Structure formats: C-alpha cells, structure tokens
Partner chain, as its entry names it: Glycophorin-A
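The chain below stands alone and is given as structure tokens, in the form solved without the partner chain.
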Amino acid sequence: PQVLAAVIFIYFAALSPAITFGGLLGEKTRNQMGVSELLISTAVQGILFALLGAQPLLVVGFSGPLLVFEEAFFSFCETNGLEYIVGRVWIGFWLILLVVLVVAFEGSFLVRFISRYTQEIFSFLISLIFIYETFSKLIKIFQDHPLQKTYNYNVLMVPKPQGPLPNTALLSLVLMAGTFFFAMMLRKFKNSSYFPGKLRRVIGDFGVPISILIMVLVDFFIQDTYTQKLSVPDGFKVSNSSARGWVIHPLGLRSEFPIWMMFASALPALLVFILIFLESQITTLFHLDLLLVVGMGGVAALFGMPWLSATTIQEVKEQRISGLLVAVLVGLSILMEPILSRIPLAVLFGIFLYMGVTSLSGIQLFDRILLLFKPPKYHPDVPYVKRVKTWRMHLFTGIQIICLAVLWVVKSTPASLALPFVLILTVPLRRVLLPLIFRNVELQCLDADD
C-alpha cells in the first residue's frame, strides 16, 4: 500500500547522511570506523528504538557534533599514544553508569535551563564546522594532486595514488560544485510552482538522492579519470580488519590499557552526555528516550559501533512498522556494495556542504547576522527590530559572534575535547551576565522561546 511508499523517503533521508558521515568518519579515524560500522549501528539502534522507544517520530542516527567529538578523541588518543577504540569502550561504560545515575534521580530539572541562545549558537557552530570540513577536504585534494605541467606516466594505485594525477583535483571540484548546485536547485524547485503539485513535492522530497544519482552517473561515464571512491566492505565485515575485530577487549588490544585513563574516561562521558542532551533539546523537544539512546550508544561502543543521537494507537503501530522497515533496510544497504563503491567522495562532500548551508535557514542568529549588512530601514517586521534599538541588537549579535569565535578557537587548539563544556558555559552567560548589560525587555525580545 502507501506504507511501502512512505518507507522510501525515510530510507533515503536516513541513508544519504549515514553514508556521508561514514565516509567522513573513515577519513578522520584512519578507517577504524567506517561506513559499515555506522550502518550496523544505525540499523540495530533503529530496530531497538522502533520496537521499544517512547516516541516513534525520533529517528536515531549519527550527526555532526558526534563526528567532532570522535575526531577530537582520536586526536587526543594519537597524541597520548592510546588505543582509541578501547578508550571508547570505557567511555560507553561511564555513559551507562551516568544513565543509571540519571534514572535514579530526576533529570528533567536541567531541561529548562537550555534556551534559544545556546541552541542557536550550537547550530551555527555545526553549520560552520560542516562548511569548513568541506573546504578543507577540497584544499587537501588540490594539495595531493596539484595542477602540474607534467605528471608521472605510471604511479602506484594499489593502496592509493602515490603521486599527482592529471584531472583528479579539477574533476573533484566540478563534482562537488555540481552536487551542491543540483541539490540547491532541487530545493528551490520544491518551493516553486512550475510542475503539478504532486510531482513538485515528490521531486523536492528526493532532491538529495536525485542530485547524488546525477553526479555519480556523470563521474561513471568519465572513464580514464580517477576520483576517490567510498570505501565499503563487500559483506558484514569490519572496514579495517587489521586494526580491530568485532568485540573490542576492554583490557587493551595491542598494549595494556592504563588505569589512569580507565578512571578518567568519565569526563569524556560527561562531554558526550552534554552533546547528546543538547542535540535532543534541539530535536526531541523524554527521559526514557534519552535513557534508551545513551544506553544503546554505550553498549554499541563495546562492539566498536558508534553512539548516535535522537535527531528529528493504530497510527503508533504504523510508525513502529515504518521505523522497523527503515532500520532493516538501512542494515541491508551494506550488502549493496557494488553501488556504494561507485559513489565518489566529492558527491558526498557536496551533500555535506549542502546540509551545512541549509541548516542555516531557521537560525535567528544567521538572520540577525545578515541584518548587520543591511541599512536600518530594510529590517523586517520582527519583534526584535521595532522593540529594541538597532545598535543594541548589533551588540547582542557581536557578543554571540565573540562566543562563536571562542568556540572555534577552542576547537582549533589541542584541548578540543572540552568544547561541550565551553559550549554549555554560555547558559550561565545568558542567565547571569547578559542581564547586567541588556535590560529584561530587550532580552525577552532577542531571546524569545517561541
């Protein structure tokens, strides 16, 4: 019936970010976790959340802040020479213990402390992170394969290209730009009125898969030029079988895990809990769902799969069946390796840039930043223009920009693990320091929770 038709849209909207994030994770973590592990985690946790989750509307999947934390912890472990996949196991153990502690007491008291200020700053930071990662990957591609006059005839291609290649960088840039352009034009077409309504909504729903298909075909019919493709195992296998297996031994894989890190892995668990709580506040709003999500993440850390987040009677059962089918098909997607291996990473990074740009649409901070470059009489009819003065609004925006810059600097420094703590430090900034400068009347308008 229509259930199988509704399954397809959820499947594609849950698969394209899944494969994109799997590629990004494989690049950042030296392929220690890749597309296969993320797909297996998404499938298993989706099945469990569909069978026994409180709110079926929540889809459990990987996200940007989790990727940033994984990159930061990988950098920390490679700086201190630690077993990263084994440290994640103790992170999961401490997350489970924190889940038990939250269950014992009441965790709904801290929900109301998060306001629009922190959420908007967090989303803007995530969008900037996406854009920066896309452009950094483009710069690395152009650095690895420079535009030279003469290239070597026969370079080794078994692990990867060992030298510069003629058309790799320019074609990668073309593929990224074309993917982004087609996705944006399909989004713009979705809100237009150029075809019949059913066709318009259908094509706009599948804009990302259509753009991906177009650009993969474009690179497919180009024969002799090399582009970096997605690394997918043929079966239900670990990406890097040389580094890790399936069950990660908590007492070290190669060398013995130190006791000091075994006891100090509670602080990274606190950071993970803060990140998941903030993204749930952004999306979900529920302590049962948080219970389930963090518990499944802690359990999956033991088997090497990553933790995820809650990104967003008969009808409830229909949602149960829909979620179960989407999770099962996401799990079976790893068996479709001949298709996934032909997808260039340039298309995936174009989709990454598209997501980063389109996450800025509903951001009031982004609109208020755009108001910096307009004359004062072009401001829209929003309550934070007529009720507050222009320079007060600009000062509010400047303080938010200063907070964003401090967060970016903290991310850049080697102490990038403490980014969730610095991010959550903005809550007492709004509750304590902002009332000193601004007035209450200005603050309710600039920080309205509607």
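Between two forms, the rigid core is the largest collection of C-alphas that superpose within 1.5 Å. Residue numbers count along the first chain shown, from 1.
As for the form solved in complex with the partner chain, it is not shown, yet the points below apply to it.
Which residue, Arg116, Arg320, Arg244, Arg187, has a heavy atom that falls within 4.5 Å of the partner chain in the deposited complex?
Only one option qualifies, and that one is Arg244.
Which listed residue (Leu325, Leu302, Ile363, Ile131) meets the criterion of a heavy atom within 4.5 Å of the partner chain in the deposited complex?
Filtering the options by heavy-atom distance leaves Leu302.
At 4.5 angstroms, heavy atoms only, are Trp90, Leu97 and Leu251 all close to the partner chain in the deposited complex?
All three within 4.5 Å in the deposited complex.
Quick one: find which of 348 to 356, 70 to 78, 252 to 260, 106 to 114 has residues within 4.5 Å of the partner chain in the deposited complex by heavy atom distance.
Partner-contacting stretch among the options: 252 to 260.
Within a 4.5 Å heavy atom cut-off, is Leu101 in contact with the partner chain in the deposited complex?
The answer is yes: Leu101 has a heavy atom within 4.5 Å of the partner chain.
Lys149: after superposing the rigid core, is there a C-alpha shift of 2 Å or more between this form and the one not shown?
Superposed on the core, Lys149 moves its C-alpha less than 2 Å between this form and the one not shown.
Is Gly92 among the residues whose Cα moves by 2 Å or more between this form and the one not shown after superposition of the rigid core?
Yes; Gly92 is a residue whose C-alpha shifts (by 2 Å or more) between this form and the one not shown when the cores are overlaid.
Hey, the CA atoms of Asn240 and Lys229 end up closer or farther in the deposited complex than in the shown form, with the change being 3 Å or more?
Residues separate in the deposited complex, at least 3 Å farther apart.
Taking the shown form as the reference, report whether the CA atoms of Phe12 and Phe352 lie closer or farther apart in the deposited complex; the distance changes by 3 angstroms or more.
Relative to the shown form, the pair is closer.
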